[PDB]
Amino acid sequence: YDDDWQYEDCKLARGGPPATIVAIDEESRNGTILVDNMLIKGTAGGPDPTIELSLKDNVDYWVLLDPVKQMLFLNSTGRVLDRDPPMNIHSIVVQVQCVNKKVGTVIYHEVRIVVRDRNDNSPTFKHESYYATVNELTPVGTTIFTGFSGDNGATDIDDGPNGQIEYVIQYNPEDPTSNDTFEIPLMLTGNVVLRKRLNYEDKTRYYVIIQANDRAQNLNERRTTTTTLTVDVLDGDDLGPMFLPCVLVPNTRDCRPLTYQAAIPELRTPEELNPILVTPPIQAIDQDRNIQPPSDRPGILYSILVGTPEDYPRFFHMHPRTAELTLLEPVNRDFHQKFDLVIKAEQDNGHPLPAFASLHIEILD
C-alpha cells in the first residue's frame, strides 16, 4: 500500500477510458489543436506548481504541448500528415508524462490521435491499355475479358470505401455501340461479358471505355479514372462458299451467281472432248475472308446436286476439289438435247453451308 498514490494530482478529471482519444483529418494544417485540455488535476503553472507535464514518445515531433493550458497541437510545418502510403500514419500515439512534485510519482497519460482518411487519391490502372480478342461465334453471356484480375486492374491507396474500386462501362461517343455490346455485371471484378452477338462482317473492333471509381460515401467526393479496352473480333466460320463471278443485288449482301454454260458436240467421245470447258470457269470462295489461322480454313467440295433430265449421272462427272467437268460417254442428241444441272459448293468441315449455282449444257447437232 502506498500513501503517495492517494493524491489527485496527475490524475484525469474526466470520465472515459485512461487513453485520451481524439481524431483529426489527414493532412490537417500546422497548429491544428489535437487536445484542447487534458484535464489533468494539478497545476503546472505558477511559481509553486504541484505537477510537471512533458511529452514522451513523440515520434518525429508531430505533437507540441502547452503544459499550462494542457493543450496539444499538431506540428506539421514543411510536411504533410499523410495517412496513405508512403507515410501510412493511421494514428499518432504519444504519452503525456505527469510528475507529482510533492512525492515524485510519475504517471503517463496516453494520447491517441486517430488520423481520418480523406479521399485524396484516385484509382490507378496497372496498365496503360487493355486488349482482348473474341471469336464472333462466341455465345452471349460469355465472359470475354478477365484482365483486371490479380491486381492487373485498378488500385486506390485510400482506406475503406475511399479505396474500394467499382468498374463500370461508359458510353463511348467515339464508338456508340460498344457499351451496348459488352457489360460488367460484377462491378467489384471488372470482368467483361459479351452482351450482344457479334458479327465480323459488320464490326471488327470495339473501344470499350471502362471507368474505375472509388466508393467514397459522398458522390461529390468520389474519384474516377478511365481506361480503354480494345476488343478485336476474330472471323469465325458462320458463312459458306460463294460462287464467282457474281453480281451484288443493290442494298443487299447477296452476290448472285450466273448460270454456267457448256456445250458438247453430239456423238464425240470422252477421249475427244475431255475436259468439258465451262464458261465462265466454276469456282467458289469462302465468304469468311479472314479466318485465322490459315490451317483452320476449310476446303470446298463441288458436286452436281440435282439436274434435269435425271440421267445426267450416266454422262457427267464433276471433280470434287477442282470442279472439272468430264463426259463419261458419247451423247446421242436424238435422246439427249440439253441438261440443266444444279452445282453445289459446300465446306468440307462438317458445316457445309452450301451455295448453289446453275449449269446449262447444250448438246450440239
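All residue numbers are counted from 1 along the displayed sequence.
Next on the checklist: Tell me which stretch has the larger mean Cα B-factor in this entry, 167-175 or 248-256.
Outcome noted: The deposited B-factors put 248-256 ahead on the C-alpha mean.
Next on the checklist: Can you tell me whether 268-276 has a higher mean C-alpha B factor than 86-94 in this record, or the other way round?
Outcome noted: On average, C-alpha B-factors are higher across 268-276.
Item to check | Out of 103, 229, 212, 186, highest CA B-factor residue | outcome: Among 103, 229, 212, 186, the PDB entry lists the largest C-alpha B-factor for 103.
Checklist entry - Quick one: which of 43, 37, 303, 30 has the biggest Cα B-factor according to the entry? => result Highest C-alpha B-factor among the listed options: 43.
Checklist entry - When the modelled residues of the chain are sorted by Cα temperature factor, does residue 235 land in the lowest, middle or highest third? => result Within its chain, residue 235 is a middle-third residue by C-alpha B-factor, going by the deposited values.
Item to check | Third of chain Cα B-factors occupied by residue 13 | outcome: It belongs to the middle third of the chain when residues are ordered by C-alpha B-factor.
Item to check | B-factor third for the C-alpha atom of residue 263 within its chain | outcome: Residue 263: CA B-factor falls in the highest third of its chain.
Checklist entry - Looking at the C-alpha B-factor of residue 26, is it in the lowest, middle or highest third of its chain? => result CA B-factor rank for residue 26: lowest third.
Checklist entry - Considering only modelled residues of the same chain, in which third does the CA B-factor of residue 332 rank: lowest, middle or highest? => result Top third by C-alpha B-factor.
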